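Remarks on the overall topology
Next come the chains, spelled out residue by residue.
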Amino acid sequence: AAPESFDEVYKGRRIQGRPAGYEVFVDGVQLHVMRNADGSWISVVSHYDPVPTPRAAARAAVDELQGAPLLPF
Amino acid sequence: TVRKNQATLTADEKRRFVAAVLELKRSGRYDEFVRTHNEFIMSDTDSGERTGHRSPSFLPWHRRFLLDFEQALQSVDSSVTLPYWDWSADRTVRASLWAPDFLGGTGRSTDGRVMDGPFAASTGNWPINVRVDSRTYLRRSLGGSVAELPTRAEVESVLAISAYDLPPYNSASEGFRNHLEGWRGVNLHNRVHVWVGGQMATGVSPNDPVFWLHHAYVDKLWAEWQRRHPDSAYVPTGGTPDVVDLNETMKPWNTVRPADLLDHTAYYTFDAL
Ligand SMILES: [Cu+]
Ligand SMILES: [Cu+]
Ligand SMILES: [Cu+]
Ligand SMILES: [Cu+]
């Protein structure tokens, strides 16, 4: 099974996740994410740093961006 | 053809390396290395095709990618070679690596912007064009997201692993390649990217020139491993779906195989190995 969907405001920004095999959005801009064999996740803006869940990867991306708009991948 | 520890370069060598890197950026060639790398970061997956990362070919793929870049540098200045950063030794922000005459320092706390050295945005000479994070300036937070680089004792534990790689040949593998890459164990290569921060922690990590020096030292560790284990060699050795076997060719070049890249001395030597 893929993780559950999610939707929340984190540090002022909307992060959304949904099964697709999983998609993540930061303020409506899609963020490339990837699942590792052990079940952890990374995104393209934190791609050497595994975190346990896609929400955690979204939150890590918001932390990384420091308010900056994401560019469409 | 000799790759030297960054810490030993002369002032003239530092000057010529910086100038060659800046010319590749000016001419538009540098950014296409950033783009190549991001495409492979985003496509290499543990359950599908994997070539540049999370797979046995991580080491020969980066060896050839670095050779492409060094060749491009030598087209600007034939005296230049890639230096390597031994992060187990040069592990603080006050390494001359991070001096304004070489790569510049850590980023300021507000926005992570690098404010000195030849790659600071203020120079006008290092626009970040290939990007995901929309900002266009080089960023770093040295020691921000992880508080220590690997140590030599950690490196030694990894070099002692005799098997090159093991099934399932991905980020879950035991063996040398995945411990050096860092997805399992004490974590060498991945942790360094996390420690530098800024673009180095992202899929567009070659935006920071320290990328090349980090990978040149990872490449040296592969050479050291080979010396420690003459009886070990690249695996798998044929018929493995989705993974580059020893005698299969690698994208993007299509004309070179891991077998053609195991012996670095065909291309370069180290100052000491
Ligand atoms: Cu890479
Ligand atoms: Cu990815
Ligand atoms: Cu890397
Ligand atoms: Cu021996």
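The deposited coordinates derive from X-ray crystallography, with the record listing a resolution of 1.35 Å.

**Details of the nonpolar core**
All names here are of chain B. The biggest cluster of nonpolar side chains holds 92 residues, and the ones touching the most others in it are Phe-17, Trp-85, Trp-87, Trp-98 and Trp-212. If you tally residues by element for this core, the top one is helix α7 (residues 210-228), at 11 residues. Ignoring anything within four residues of it in the chain, the contact list for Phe-17 reads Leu-73, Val-80, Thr-81, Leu-82, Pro-83, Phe-102, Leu-103 and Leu-213.

**Let's talk about the coordination of the copper ion (ligand 2)**
Residue and element names in this part refer to chain A. The copper ion (ligand 2) binds to the protein through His-32 (NE2), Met-34 (SD) and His-47 (NE2), with metal-donor distances spanning 1.9 to 2.2 Å. Mapping the donors of the copper ion (ligand 2) onto the primary sequence gives the spacing H-x1-M-x12-H. Of this pair, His-32 sits in the loop between β4 (29-31) and β5 (33-35) while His-47 sits in strand β7 (residues 46-51), and the two are 15 residues apart along the sequence. For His-32, a relative accessible area of 10% translates into the label buried.

**Focus: the packing of aromatic side chains**
All names here are of chain B. What the rule picks out here adds up to 27 aromatic pairs over all chains. Ring centres of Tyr-30 and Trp-126 lie 4.7 Å apart, and the angle between their planes is 70°; this geometry places the pair in the edge-to-face category. Of this pair, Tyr-30 sits in helix α2 (residues 29-43) while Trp-126 sits in the loop between α3 (58-76) and α4 (152-159), placing them 96 residues apart in sequence. Like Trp-126, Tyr-30 is buried. Taking the centre distance of 6.0 Å and the plane angle of 20° together, the rings of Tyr-84 and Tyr-217 count as stacked. Here the residue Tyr-84 occupies a position in the loop between α3 and α4, and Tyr-217 occupies one in helix α7, the gap between them amounting to 133 residues. Ring pairs connect the aromatic residues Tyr-30, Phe-33, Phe-40, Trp-61, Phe-65, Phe-69, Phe-119, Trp-126, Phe-211, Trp-212 and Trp-253, which therefore count as one cluster. In this structure, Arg-54 is placed above the aromatic ring of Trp-183, and the distance from its NZ or CZ to the ring centre is 4.7 Å.

**Some words on the sheet that holds strand β2 (residues 13-19) of chain A**
All names here are of chain A. The antiparallel open sheet is built from four strands, whose spatial order is β1-β2-β3-β4. Pairing within the sheet leaves two strands with one partner each, and these edge strands are β1 (6-10) and β4. Each adjacent strand pair in this sheet contributes to an overall mean axis angle of 25°, direction not counted. Judged from the five bridges that link them, β1 and β2 form a sheet pairing that is antiparallel. When the sheet's bridge partners are listed, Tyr-10 is paired in β2 with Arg-13. Of the strands in this sheet, β1, β2, β3 (22-26) and β4 are in contact with helix α1 (residues 54-65), which crosses β1 at around 25°.

**With respect to the coordination of the copper ion (ligand 3)**
Residue and element names in this part refer to chain B. Taken together, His-189 (NE2), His-193 (NE2) and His-215 (NE2) make up the full set of protein donors to the copper ion (ligand 3), lying 2.0 Å away. As a motif over one chain, the donors of the copper ion (ligand 3) read H-x3-H-x21-H. Here the copper ion (ligand 3) and the copper ion (ligand 1) are spaced 4.3 Å apart. On the criterion of helical spacing, the pair formed by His-189 and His-193 is a turn pair, its members being four residues apart in helix α6 (residues 189-196). Look at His-189 and you get buried, because its relative accessible area is 1%. A relative accessible area of 0% means that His-193 is categorised as buried.

**So, the interface of chain B and chain A**
Quoted interface sizes are often the accessible area lost when the parts come together. Of the residues lining the interface, 34 residues belong to chain B; the matching set on chain A comes to 20 residues. Inspection of the region where chain B meets chain A yields two salt bridges. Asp-38 of chain A is the salt-bridge partner of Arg-184 of chain B, the closest N and O atoms lying 3.4 Å from each other. The interface formed by chain B and chain A contains 11 residue pairs in polar contact. Those elements giving two or more residues to the side of chain B that touches chain A turn out to be α2 and α6 of chain B. Counting residues per element, the side of chain B that touches chain A draws most heavily on α2 of chain B, at five residues. Among the residues forming the side of chain B that touches chain A, the class breakdown is eight nonpolar, 17 polar and nine charged.

Each value, and the rule that gives it
Residues numbered from 1 in each chain as written, not as in the entry; some residues may be left out. Chains lettered and ligands numbered in written order. Heavy atoms only, no water. Core = buried A, V, L, I, M, F, W, Y, C linked by side-chain atoms within 4.5 Å. Buried < 20%, exposed > 50% of the residue type's maximum accessible area, 1.4 Å probe, protein only. Helix = DSSP H or I, 4+ residues; strand = E, 2+ residues; numbered from the N terminus. Contact = heavy atoms within 4.5 Å. Donors = N, O, S within 2.8 Å, 3.2 Å for Na, K, Ca; no water. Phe/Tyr/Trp six-rings, centres within 6.5 Å; stacked < 30°, edge-to-face > 60°. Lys NZ or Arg CZ within 6 Å of the ring centre and 35° of its normal. Pairing = 2+ DSSP bridges. Axes fitted to C-alpha atoms, helices over the stretch in contact; angles between N-to-C directions. Salt bridge = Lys/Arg side-chain N within 4 Å of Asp/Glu carboxyl O. Polar contact = N/O pair within 3.5 Å; in protein donor to acceptor, adjacent residues only side chain to side chain. Nonpolar A, V, L, I, M, F, W, Y, C, P; charged D, E, K, R; others polar.

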